[PDB]
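First the structure, in the form of structure tokens, and then the observations on it.
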Protein chains: 2
Amino acid sequence: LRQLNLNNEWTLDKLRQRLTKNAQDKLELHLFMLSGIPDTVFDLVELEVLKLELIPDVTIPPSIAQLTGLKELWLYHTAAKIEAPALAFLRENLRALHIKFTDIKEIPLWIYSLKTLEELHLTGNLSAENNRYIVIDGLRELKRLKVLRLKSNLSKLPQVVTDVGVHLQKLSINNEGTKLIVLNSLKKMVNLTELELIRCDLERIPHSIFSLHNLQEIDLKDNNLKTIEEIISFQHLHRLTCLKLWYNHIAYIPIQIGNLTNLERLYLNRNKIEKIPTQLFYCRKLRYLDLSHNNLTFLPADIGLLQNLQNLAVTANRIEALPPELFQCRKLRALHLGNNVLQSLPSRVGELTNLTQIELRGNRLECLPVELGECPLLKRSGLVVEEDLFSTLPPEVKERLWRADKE
Amino acid sequence: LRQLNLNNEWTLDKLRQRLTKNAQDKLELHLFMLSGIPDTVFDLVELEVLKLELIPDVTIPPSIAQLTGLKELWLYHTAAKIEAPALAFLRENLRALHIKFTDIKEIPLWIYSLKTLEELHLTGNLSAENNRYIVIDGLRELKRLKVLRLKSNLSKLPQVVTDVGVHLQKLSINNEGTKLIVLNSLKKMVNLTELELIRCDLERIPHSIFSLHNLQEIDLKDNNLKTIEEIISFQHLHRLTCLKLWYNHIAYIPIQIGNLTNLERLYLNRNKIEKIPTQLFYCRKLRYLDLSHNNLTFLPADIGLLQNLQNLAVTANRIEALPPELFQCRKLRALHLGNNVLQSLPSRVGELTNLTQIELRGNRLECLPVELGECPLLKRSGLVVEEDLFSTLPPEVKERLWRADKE
């Protein structure tokens with residue numbers, strides 16, 4: 001009767017309008033604090049992200065076979081009991097199982113029969129008494145775990161994760177203020193492509209990062225770091241292409257930062273940096289230079305060397321003037337320059353054809369140069385500037401610009 | 001039963017009616033004098049600012065996890081008791097938090113367990129008896145707190161605040177008529193970017209500020225200085241961008257502040273200024289100034305050196321004409337000359353087309369010129385010129401001004 005009434009309150013026609021889309025453009029169904037998991041949910045045939053959040057003590061019925069598109073099973077805080085044919089369906093079919101949880105009963109005991117798993121994030125604290133990682137000792141059974149995002153506050157990297165690491169590639173360890181004592185356990189892990197020690201309170205970069213030769217994406221966010229002197233040992237890594245250094249307390253940069261020519265997305269933002277050396281521009285592959293909310297007094301001119309640079313974001317700095325050779329770059333896609341103390345934009349910004357979004361809300365612009373209307377791909381929406389400063393443009397020039405905006 | 005009744009009675013349509021927009025264009029819900037908190041409030045996902053004011057018997061249900069845009073929750077005079085899954089959701093979703101209370105009675109306990117928030121605004125008397133900064137001893141675990149406004153009529157700076165501040169960025173101090181005992185304890189805490197002091201009745205600016213080299217915005221409103229021999233000592237600090245000394249009693253401003261070209265904002269309105277010498281105005285790049293309701297007989301000549309203005313004021317004083325020195329300036333956008341005795345209006349001030357908002361109502365002008373007729377930029381909603389002589393102004397002038405009130 002509970003299941004029938006559950007289908008009655010939330011019919012297939014009722015949840016048909018409830019059908020929403022996620023970031024990955026997959027159909028999702030956010031089921032939240034619902035008394036049971038409904039069969040009208042299952043009558044759908046293209047749901048890919050079954051969003052099971054906080055559904056207490058419910059048996060998943062055989063009707064889940066109707067979800068032909070079900071790749072990602074998002075089990076959040078849900079006590080989920082399931083039958084034997086559907087266990088077999090899990091060992092042969094399911095490819096992604098994204099689990100948020102708090103309890104080892106909330107995480108289910110029937111996902112270690114699962115074998116076809118290829119993607120999973122765990123979210124929720126796992127430090128517990130007498131029951132640590134015997135939950136996921138079936139990671140050894142999970143022979144295809146490449147994506148393991150961990151917003152789970154692990155105090156130390158599991159060794160079963162290491163034995164998995166033959167195929168593990170992405171480890172986003174958001175420990176939330178807990179240090180990951182790697183103790184060169186990642187030295188055994190010679191096959192990683194990515195490592196993200198996010199908010200792990202390092203203050204010192206471990207050597208297990210440098211000792212590898214396959215890492216491509218390193219993200220050291222919010223580590224309270226002071227010096228980056230160790231990148232001379234980064235020349236062993238021949239595939240490093242991105243360093244997102246978000247939200248740190250770095251007082252100054254050395255010059256040897258110019259050595260990593262392989263770097264493309266070098267972030268150095270939200271820091272206390274007072275001097276950028278010219279040597280830094282020895283790198284040639286730099287593509288995403290996000291220097292937002294910094295203490296930079298001026299953009300260096302030698303930044304014109306970066307011919308691959310696409311998204312250069314230098315918002316909320318103390319940048320006074322823009323030098324000419326800064327505008328030697330033509331591949332710039334997103335120039336976020338707002339909240340600065342800039343007095344004017346040089347006319348070379350009119351040379352930019354790829355100009356799509358230029359943030360000029362702030363600065364000290366007396367009048368906008370007319371060449372800003374020359375940019376064809378730039379519409380009025382992309383022109384982020386104060387209206388009082390914007391209104392200097394000519395009438396028919398404004399007509400052409402509004403024609404571009406409405407097109 | 002009352003909580004349940006408030007749940008069903010508050011429909012989603014009436015609730016969508018109650019959603020307004022705040023300053024940040026963010027959707028705000030003002031929950032005013034509700035006996036409980038409707039679950040339909042948490043049903044509507046468009047909410048961002050949840051203002052719940054003087055709502056008793058509050059048990060915030062975790063259905064608020066289904067609400068998507070919640071970054072503000074405005075707890076006013078409320079004994080809040082949140083649930084643990086809601087604790088988990090707001091640890092990753094909420095980003096700002098204002099709290100109003102009456103001592104320990106309406107201070108909630110779940111606020112400390114949330115450790116990812118940015119803004120923690122506290123309202124109400126924290127200077128209670130027998131609890132001298134011992135309730136806030138649990139703030140040490142917060143490492144992500146960067147904005148902390150303290151308006152609780154504090155007697156002394158809490159030592160726990162000194163311990164916590166190491167990761168702070170924004171701090172505001174409001175005492176509303178109480179002499180704070182700072183006792184020069186700010187030398188420890190170096191990361192601070194914005195510091196404010198409003199109506200402290202000090203007259204003696206402390207010394208611990210100079211050990212900090214990161215303060216950009218300093219607000220000293222209503223501090224009633226009379227001889228600022230501190231701006232010769234403010235030369236030690238080379239980070240302050242805008243000084244805010246308005247509604248003071250400055251007899252004369254000492255000349256040394258003329259040496260800081262980075263100063264961009266001179267808020268000095270409603271003062272007891274008799275004469276202010278020249279060398280104050282050696283700084284060229286000052287945008288916003290306010291000098292309303294004074295006793296100045298002539299605006300000093302070296303304001304003519306100021307070439308980057310945006311706003312001034314000659315409200316309610318004994319100045320009859322605009323000097324040619326002010327005409328050496330070229331950037332007079334806004335002013336405040338209302339209810340004053342200005343007689344002569346030359347063509348130099350009148351040709352300033354970018355005149356943004358000048359108060360002129362009640363001014364004792366003789367006649368108003370026909371230069372307010374044609375141009376579509378300088379018009380009434382911009383310039384509120386004297387309406388006694390706006391009647392004798394030509395009807396085409398009135399056409400431009402009423403065009404302002406329409407366009």
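Every residue number used here counts from 1 along the chain in the order it is shown.
Structure method, as recorded: electron microscopy, 4.1 Å.
Note: Cβ is positioned from N, Cα and C throughout, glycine not excepted.
Database features, via Swiss-Prot:
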{"type": "REPEAT", "residues": "A:10-21", "note": "repeat 'LRR 1'"}
{"type": "REPEAT", "residues": "A:46-67", "note": "repeat 'LRR 3'"}
{"type": "REPEAT", "residues": "A:68-91", "note": "repeat 'LRR 4'"}
{"type": "REPEAT", "residues": "A:92-114", "note": "repeat 'LRR 5'"}
{"type": "REPEAT", "residues": "A:142-164", "note": "repeat 'LRR 7'"}
{"type": "REPEAT", "residues": "A:166-188", "note": "repeat 'LRR 8'"}
{"type": "REPEAT", "residues": "A:213-236", "note": "repeat 'LRR 10'"}
{"type": "REPEAT", "residues": "A:238-260", "note": "repeat 'LRR 11'"}
{"type": "REPEAT", "residues": "A:261-283", "note": "repeat 'LRR 12'"}
{"type": "REPEAT", "residues": "A:285-306", "note": "repeat 'LRR 13'"}
{"type": "REPEAT", "residues": "A:307-329", "note": "repeat 'LRR 14'"}
{"type": "REPEAT", "residues": "A:353-375", "note": "repeat 'LRR 16'"}
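Non-local neighbours of the repeat 'LRR 11' (A:238-260) in the same chain are 193, 213-229, 231-232, 266-283, 285, 288, 290; each lies 6+ residues outside the stretch with a CB under 8 Å from one of its CB atoms.
Within the chain carrying the repeat 'LRR 14' (A:307-329), a Cβ under 8 angstroms from the stretch's Cβ atoms is held by residues 264, 269, 284-301, 335-346, 348-349, 351-352, 359, all 6 or more beyond its ends. Long-range contacts of the repeat 'LRR 12' (A:261-283) within its own chain (CB-CB distance under 8 A, at least 6 residues past either end) are made by residues 238-255, 289-297, 300, 302-303, 305-306, 308, 313. Residue counts for the repeat 'LRR 5' (A:92-114) under DSSP, split into helix (H, G, I), strand (E, B) and coil, are 1 helix, 5 strand, 17 coil. Secondary structure counts, DSSP: the repeat 'LRR 3' (A:46-67) has 5 helix, 8 strand, 9 coil. Helix first, then strand, then coil: DSSP counts for the repeat 'LRR 1' (A:10-21) stand at 7 helix, 2 strand, 3 coil.
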